[PDB]
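Participant: Give the three-dimensional model of this entry:
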Amino acid sequence: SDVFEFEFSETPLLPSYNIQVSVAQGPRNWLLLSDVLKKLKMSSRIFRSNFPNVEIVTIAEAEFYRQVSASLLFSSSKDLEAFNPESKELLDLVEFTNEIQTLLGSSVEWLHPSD
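Facilitator: Numbers count the residues shown, from 1 in each chain. Have a look at this structure:
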């Protein structure tokens with residue numbers, strides 16, 4: 001089931017890249033599978049073989065780029081070279097955890113982030 005890990009499955013939520021979602025509701029974070037998978041540095045199958053408790057989704061390239069490129073007025077991320085709105089070769093994203101939805105969503109960080 002889409003439990004997105006059991007937060008107790010020895011499972012690493014290394015700060016994934018996401019952008020302003022909705023400020024009335026609260027910021028969400030879809031974790032670029034391209035980001036996490038580059039972390040493993042292994043095949044896309046190693047992910048699901050290791051964490052079958054998670055699954056992938058995709059927004060259009062033009063989508064993710066749009067938000068990030070706009071947020072790069074304050075911050076700077078040239079890694080944006082990778083993403084391009086003249087292309088929809090899709091990204092990959094994976095659903096963030098309860099920790100993370102609480103972490104980023106409720107905006108809580110008074111330690112080494114852990115909900």
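
Participant: hey, where'd the helices end up in this protein?
Facilitator: Secondary structure of the chain (DSSP state H): helices at 33-40, 44-50, 61-71, 98-103.

Participant: CA atoms of the shortest one as CSV?
Facilitator: The one in question is helix 98-103. Extracted C-alpha coordinates of helix 98-103, given in CSV (Å, rounded to 0.1, in the frame of the first residue of the first chain):
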residue,chain,number,x,y,z
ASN,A,98,4.2,12.0,7.5
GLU,A,99,7.4,13.3,9.1
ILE,A,100,8.0,15.4,6.0
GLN,A,101,4.4,16.5,5.5
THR,A,102,4.6,17.6,9.1
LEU,A,103,8.2,18.9,8.8
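
Participant: Give me the residues contacting that helix.
Facilitator: 4, 7, 13, 28-29, 31, 108-109, 113-115 (Cβ atoms under 8 Å, 6 or more residues apart in numbering). Quick note: C-beta positions are derived from backbone N, CA and C, even for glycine.

Participant: Tell me who's in contact with the nearest residue in space to residue 2 that is not next to it in sequence.
Facilitator: In space, and not counting its chain neighbours, residue 2 is closest to residue 55: 6.0 Å by Cβ to Cβ, 6 or more residues apart in numbering. Each residue near residue 55 by Cβ under 8 Å, 6+ apart is listed here: 2, 48, 94-95.

Participant: still on that earlier bit, could the helices of the chain go into JSON lines alongside mean neighbour count?
Facilitator: JSON lines is the format used below for the helices of the chain (neighbours: other Cβ atoms under 10 Å):
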{"stretch": "helix 33-40", "mean neighbour count": "17"}
{"stretch": "helix 44-50", "mean neighbour count": "13"}
{"stretch": "helix 61-71", "mean neighbour count": "17"}
{"stretch": "helix 98-103", "mean neighbour count": "17"}
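
Participant: Understood, closing this out.
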